[PDB]
Amino acid sequence: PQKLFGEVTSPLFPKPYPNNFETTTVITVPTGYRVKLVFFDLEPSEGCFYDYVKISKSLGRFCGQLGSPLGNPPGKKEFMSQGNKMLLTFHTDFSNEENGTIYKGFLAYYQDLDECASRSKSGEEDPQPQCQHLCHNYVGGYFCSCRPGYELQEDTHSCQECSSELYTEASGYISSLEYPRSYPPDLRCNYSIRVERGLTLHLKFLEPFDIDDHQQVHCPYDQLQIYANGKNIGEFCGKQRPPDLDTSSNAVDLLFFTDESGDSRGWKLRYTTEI
Amino acid sequence: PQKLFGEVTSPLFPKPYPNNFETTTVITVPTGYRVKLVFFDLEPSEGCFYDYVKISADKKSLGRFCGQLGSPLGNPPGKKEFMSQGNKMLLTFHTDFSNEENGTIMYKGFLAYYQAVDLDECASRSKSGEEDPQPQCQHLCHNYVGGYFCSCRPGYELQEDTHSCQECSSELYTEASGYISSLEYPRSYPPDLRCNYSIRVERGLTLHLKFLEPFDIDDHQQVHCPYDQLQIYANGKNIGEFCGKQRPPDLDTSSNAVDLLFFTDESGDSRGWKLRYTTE
Ligand SMILES: *[C@@H]1O[C@H](CO)[C@@H](O[C@@H]2O[C@H](CO)[C@@H](O[C@@H]3O[C@H](CO[C@H]4O[C@H](CO)[C@@H](O)[C@H](O)[C@@H]4O)[C@@H](O)[C@H](O[C@H]4O[C@H](CO)[C@@H](O[C@@H]5O[C@H](CO)[C@H](O)[C@H](O)[C@H]5O)[C@H](O)[C@@H]4O)[C@@H]3O)[C@H](O)[C@H]2NC(C)=O)[C@H](O)[C@H]1NC(C)=O
Ligand SMILES: *[C@@H]1O[C@H](CO)[C@@H](O[C@@H]2O[C@H](CO)[C@@H](O[C@@H]3O[C@H](CO[C@H]4O[C@H](CO)[C@@H](O)[C@H](O)[C@@H]4O)[C@@H](O)[C@H](O[C@H]4O[C@H](CO)[C@@H](O[C@@H]5O[C@H](CO)[C@H](O)[C@H](O)[C@H]5O)[C@H](O)[C@@H]4O)[C@@H]3O)[C@H](O)[C@H]2NC(C)=O)[C@H](O)[C@H]1NC(C)=O
Ligand SMILES: *[C@@H]1O[C@H](CO)[C@@H](O)[C@H](O)[C@H]1NC(C)=O
Ligand SMILES: [Ca+2]
Ligand SMILES: [Ca+2]
Ligand SMILES: [Ca+2]
Ligand SMILES: [Ca+2]
Ligand SMILES: [Ca+2]
Ligand SMILES: [Ca+2]
Ligand code: NA
Ligand code: NA
């Protein structure tokens with residue numbers, strides 16, 4: 001159910017616990033949270049065979065009076081669960097007169113984290129919430145966010161096609177995915193711009209340019225084809241920047257033909273207007 | 001109202017921002033909480049005079065910055081977390097009349113996110129525990145969603161302020177053998193208290209008594225017990241005004257019911273007293 005916090009009396013508190021008893025109380029804090037727990041007048045015993053409060057994978061089993069040394073006394077230390085569920089167990093054997101010739105009990109209190117905080121043991125072995133770029137530590141679970149562009153559909157894990165990234169402004173910057181790091185392969189991209197009618201576009205490339213090339217046949221691996229006003233104007237590849245050009249039109253289409261194994265760095269560009 | 005999370009767009013996003021503009025968006029997450037905020041394509045400038053985004057917590061200046069992302073020496077913010085002291089967040093967006101720098105006329109804007117992570121004053125204590133308002137607990141406290149409350153001494157529950165953790169009205173005991181001590185042994189006793197601990201055993205028995213060490217009640221050596229008094233009423237009548245440093249001796253009650261009473265001074269130096277009782 002819905003449990004902010006609560007109090008667990010050992011049954012009959014503060015009147016002593018009845019001997020011969022084993023009752024379990026189970027916390028169910030809201031799912032996706034961690035529980036907190038603090039306070040113990042019971043019978044000490046080495047290893048707590050006589051009496052013990054078993055509490056949780058297993059946290060511990062202890063017994064004993066508060067200010068008593070060599071009685072395994074638990075105290076008031078915090079201990080957080082990994083998941084939404086907490087488990088208490090109370091066991092008192094038949095004798096509260098152990099070490100005989102004839103204990104009140106215990107009254108405690110109970111009350112979240114995010115796997116982006118420290119990636120407990122690994123990122124790809126537990127049920128994968130992790131993200132390559134980043135994630136956020138919030139109250140109410142955890143969601144993801146990546147390097148800007150598309151918003152990584154429903155799973156929010158992967159950080160994702162180039163259908164139409166739109167741009168209808170005069171001058172802008174366009175870079176390949178994740179520049180200057182190695183470019184992503186196996187992509188058929190289209191960057192299209194239709195500028196306000198009555199202009200041509202002045203173009204100026206930048207370095208280091210990087211597309212894996214072949215010096216015997218130009219651009220078998222990757223291709224960078226440029227379609228002007230509806231027609232083909234160049235298949236570029238290599239490492240050194242091609243020279244500046246003028247379009248003489250008000251609208252264009254750019255496309256990217258990449259390989260299936262990326263070693264190179266990429267390509268970055270700038271475009272301006274002139275009347 | 002009810003605000004889990006949300007995003008603050010520079011007006012007209014992703015289309016560029018209109019110059020001559022100053023719009024302020026204020027987060028009001030539920031009270032008793034903190035806001036968290038992370039992401040910026042704006043105009044860099046030394047000191048962010050041209051354009052700047054001015055942002056602050058409860059009642060304190062966080063910062064004012066600007067500049068493009070991969071730009072050094074532009075005071076660029078990034079996506080770093082910054083938590084408020086309080087429940088209310090304050091964003092301010094300022095654009096001067098000129099974004100047209102280098103003869104190279106223009107920035108998309110900014111699209112951010114804010115959350116409502118709780119705060120629990122039992123987690124830490126900024127500079128001290130006794131200097132911040134309503135010091136909720138001396139002993140311990142609890143870290144919960146919606147603030148923090150306290151509780152002490154499994155008897156009474158620390159009246160209205162829920163700060164102090166203090167009275168001995170009637171602490172009852174109807175068991176055979178038990179241990180009784182002054183409050184907070186072996187440490188020094190609280191003075192100025194009129195306490196009454198009484199026990200009535202099932203009829204047909206007497207009670208054997210055995211003190212424990214070291215006994216301590218502030219005394220005077222010429223006339224006994226001026227500051228503190230330890231008066232003991234058996235079967236309804238008085239049996240002793242005891243004080244000093246050495247333990248009194250064992251006794252036999254000869255009754256099925258008794259009454260204890262304690263007269264404290266208003267200044268404690270001693271430690272206290274501990275005892276054990278059995279049946280016959
Ligand atoms: C990269 O991305 C660009 C994006 O623009 C893209 O260019 C676009 O190509 C497509 C190709 O399908 C064009 O779509 C249609 O093209 C029709 C051409 O007709 C010839 O070819 C047909 C076969 O495809 C053939 O059947 C015909 O007989 C003829 O031979 C055209 O008829 C059609 O017209 C509609 O256009 C728009 C919708 O885009 C409608 O609305 C108008 O929109 C514009 C703004 O876009 C404006 O605001 C107007 O006011 C508004 O009315 C319109 O009413 C028609 O119904 C349609 O155009 C795209 O037009 C073309 N985009 C352009 C020209 O801007 C590249 O090809 C991509 N590169 C790739 C894929 O490699
Ligand atoms: C420390 O704590 C003890 C408490 O144990 C306390 O002793 C208590 O003193 C008071 C005195 O006010 C007793 O209360 C009543 O005493 C009546 C005596 O009557 C004489 O004195 C009156 C003035 O005090 C005077 O007006 C009369 O005319 C007369 O001269 C007595 O009659 C009365 O009887 C009622 O007792 C109980 C309520 O206590 C009633 O209910 C019963 O309760 C028990 C369990 O408690 C059980 O469940 C029964 O089934 C139930 O019926 C009953 O009906 C009578 O009406 C009442 O006793 C306390 O009794 C007395 N407690 C004792 C003796 O245990 C000390 O003074 C304290 N010391 C401090 C504070 O320093
Ligand atoms: C166990 O026996 C009695 C309990 O009646 C106790 O007094 C004694 O000290 C105990 N033995 C120990 C502590 O060795
Ligand atoms: Ca027992
Ligand atoms: Ca979370
Ligand atoms: Ca390559
Ligand atoms: Ca501006
Ligand atoms: Ca709190
Ligand atoms: Ca004294
Ligand atoms: Na690249
Ligand atoms: Na004391």
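The first residue you see is number 1, and the count goes up from there.
Method on record in the header is X-ray crystallography, 5.8 Å.
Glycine residues also receive a Cβ, built from the backbone N, Cα and C atoms like all the rest.
Per Swiss-Prot, these features apply:
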BINDING   A:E43, A:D51, A:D93  Ca(2+) 1 binding site
BINDING   A:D112, A:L113, A:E115, A:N137, A:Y138, A:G141  Ca(2+) 2 binding site
DISULFID  A:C48-A:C63  disulfide bond
DISULFID  A:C116-A:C135  disulfide bond
DISULFID  A:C131-A:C144  disulfide bond
DISULFID  A:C146-A:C159  disulfide bond
DISULFID  A:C162-A:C189  disulfide bond
DISULFID  A:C219-A:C237  disulfide bond
DOMAIN    A:162-274  domain 'CUB 2'
CARBOHYD  A:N99  N-linked glycosylation site
CARBOHYD  A:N190  N-linked glycosylation site
MOD_RES   A:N137  (3R)-3-hydroxyasparagine
MOD_RES   A:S175  phosphoserine
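Feature map: Swiss-Prot annotations on the structure.
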residue	record	CB count, 10 Å
A:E43	Ca(2+) 1 binding site	22
A:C63	disulfide bond	26
A:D93	Ca(2+) 1 binding site	16
A:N99	N-linked glycosylation site	10
A:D112	Ca(2+) 2 binding site	21
A:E115	Ca(2+) 2 binding site	16
A:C131	disulfide bond	20
A:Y138	Ca(2+) 2 binding site	18
A:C189	disulfide bond	17
A:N190	N-linked glycosylation site	14
A:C48 (disulfide bond) to A:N137 (Ca(2+) 2 binding site) - Cα separation in whole Å: 39
Cα-Cα distance in Å between A:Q111 and A:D112, where 2 residues go unmodelled: 10
Rounded to the nearest Å - Cα separation of A:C116 (disulfide bond) and A:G141 (Ca(2+) 2 binding site): 11
Ca(2+) 1 site, defined by A:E43, A:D51, A:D93: further same-chain residues with Cβ within 8 Å of the Cβ centre: A:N19, A:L42, A:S45, A:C48, A:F49, A:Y50, A:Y52, A:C63, A:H91, A:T92, A:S95, A:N96, A:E98
Chain B contacts among the disulfide-bonded residues A:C135, A:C162, A:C237 (Cβ under 8 Å): none
A:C237 (disulfide bond), number of other Cβ atoms within 10 Å: 21
Beyond the site residues A:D112, A:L113, A:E115, A:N137, A:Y138, A:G141: chain residues whose C-beta lies within 8 Å of the centroid, for Ca(2+) 2: A:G32, A:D114, A:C116, A:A117, A:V139, A:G140, A:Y142
Unmodelled segment of 3 residues: Cα separation of flanking A:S56 and A:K57 in Å: 6
Residues in the domain 'CUB 2' (A:162-274) grouped by DSSP into helix, strand and remaining coil: 0 helix, 51 strand, 62 coil
Cβ neighbours of A:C146 (disulfide bond) where a neighbour is any other Cβ within 10 Å: 18
Residue from A:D51, A:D112, A:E115, A:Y138 whose C-alpha is spatially nearest that of A:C237 (disulfide bond), among the binding-site residues: A:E115
Å between Cα atoms of A:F40 and A:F39 (gap: 2 unmodelled residues): 7
Recorded positions close to ligand 6 - of A:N99, A:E115, A:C189, A:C219, only those whose C-beta is under 6 Å away: none
Where the model skips 2 residues between A:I102 and A:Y103, distance between their Cα atoms in Å: 11
